[PDB]
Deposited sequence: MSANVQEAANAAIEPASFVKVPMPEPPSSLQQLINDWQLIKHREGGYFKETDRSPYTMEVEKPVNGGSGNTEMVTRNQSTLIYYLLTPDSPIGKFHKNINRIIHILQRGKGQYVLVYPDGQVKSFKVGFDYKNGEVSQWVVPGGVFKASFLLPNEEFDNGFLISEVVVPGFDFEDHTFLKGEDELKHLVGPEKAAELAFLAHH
């Protein structure tokens, strides 16, 4: 809790197209649609590898030390559906405004806003622990033509073998009860 989930109109019913400025940026930077939704683009992957213990009795797997991506939400596709990661993820706000909703394994729900107006409780830099489900949606905002741009750094570096989607609203019901699950259903597959 803390933020109050109130999806703008384009969040509930996404728009067919994003404003042209966001289109430009999308094409110039060659961002692509992510599995979760929104646009992204891995811009860095450490040349350094590191061995890491991973449960299968565990097993050693090797990953890059770190990975960086640009992640962008837009009226075009404003939601980044509920997904979980093995490693902690660092998020750095760059432009616009958005909101995050985290579902902890014990079933606790947390939601907060991302933006540069810290006085009004807007975070511009946040970390979400591995194992914690997360989703985020675009918040309307001028200043960045209704867009939301952030940078993400994963350590060890991202690897889909470490990524897992919330299995629909079902598993949501299991985690937060039906009444809450229903509320956050728009953020899941």
* Report the unmodelled segments of the deposited sequence as residue ranges counted from 1. => 1 to 8, 65 to 69, 203
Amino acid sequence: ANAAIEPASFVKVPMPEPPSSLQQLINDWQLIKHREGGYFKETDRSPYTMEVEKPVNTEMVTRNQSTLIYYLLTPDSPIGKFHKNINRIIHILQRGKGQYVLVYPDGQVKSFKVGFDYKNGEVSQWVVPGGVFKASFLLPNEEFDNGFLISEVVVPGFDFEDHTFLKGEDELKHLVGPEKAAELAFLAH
From here on, numbers count along this sequence of modelled residues.
* **Mean temperature factor over C-alpha atoms, higher-scoring stretch between 27 to 35 and 153 to 161** => 27 to 35
* Structure fact -> Once average C-alpha B-factors are taken from the entry for 91 to 99 and 114 to 122, the winner is 114 to 122
* Asked: Whose C-alpha has the highest temperature factor in the PDB entry: 139, 60, 50, 128?
  -> 60
* **Given 135, 56, 68, 132, the residue at which the Cα B factor reaches its maximum** => 56
* Tell me, lowest, middle or highest third: where does the Cα B factor of residue 187 rank within its chain? => lowest
